[PDB]
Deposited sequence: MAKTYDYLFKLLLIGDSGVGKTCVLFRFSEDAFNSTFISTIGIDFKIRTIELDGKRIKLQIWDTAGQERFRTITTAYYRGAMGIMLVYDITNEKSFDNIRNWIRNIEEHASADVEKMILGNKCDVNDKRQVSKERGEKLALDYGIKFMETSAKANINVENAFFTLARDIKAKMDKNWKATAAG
């Protein structure tokens, strides 16, 4: 094997190069590699950020997901309430064993969603919250991956 762990991750919530062909088909998922404590971590990531669903969400949507990253734009009130809707839907259709994390995101705007509001949301649902400074979305994935790694290690022995 060429890695130590494989984590399946879901990236959810609203908020430059160009390949037209690729724009037309769309991306299914990406595979990325990171290192955590000298172990090699393979991430398989489905990202439906900036994507409104038309299709009704089922258990099949969240089956196998090991971690879910929930993103909203701190400048956008709709995008924050959108994460509250998602958290609701996850608690119903996704395994109660899935790791979850909320991300308050966003260069170039007035802050519309306060940090306290974001912190209070995480508290009400018992999951972690980051506002992405030198600290961004990559750091968030490292943290989510860290959390899945720790849980996973105990289970094995």
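Peer 1: Any chance you could give me the deposited-sequence numbering of all the stretches lacking C-alphas?
Peer 2: Holes in the chain trace, numbered from 1: 1-2, 18-31, 123, 126, 151-153, 179-183.
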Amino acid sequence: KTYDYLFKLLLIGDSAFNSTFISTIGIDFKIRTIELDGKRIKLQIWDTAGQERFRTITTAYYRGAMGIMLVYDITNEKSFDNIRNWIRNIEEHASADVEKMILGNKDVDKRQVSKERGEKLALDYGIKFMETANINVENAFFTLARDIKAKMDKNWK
From here on, numbers count along this sequence of modelled residues.
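Peer 1: Mean Cα B factor from the PDB record: higher for 30-38, or higher for 113-121?
Peer 2: Per the PDB record, 113-121.
Peer 1: Would you determine, from the values in the PDB entry, which of 133-141 and 21-29 has the greater average C-alpha temperature factor?
Peer 2: Higher of the two, by average CA B-factor, is 133-141.
Peer 1: Checking the record values for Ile102, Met66, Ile45, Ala94, which has the greatest CA B factor?
Peer 2: When the deposited C-alpha B-factors of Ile102, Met66, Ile45, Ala94 are compared, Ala94 is largest.
Peer 1: Please say which third, lowest, middle or highest, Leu11 falls into when its CA temperature factor is compared across its chain.
Peer 2: For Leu11, whose C-alpha B-factor we compare with every modelled residue in the chain, the answer is the lowest third.
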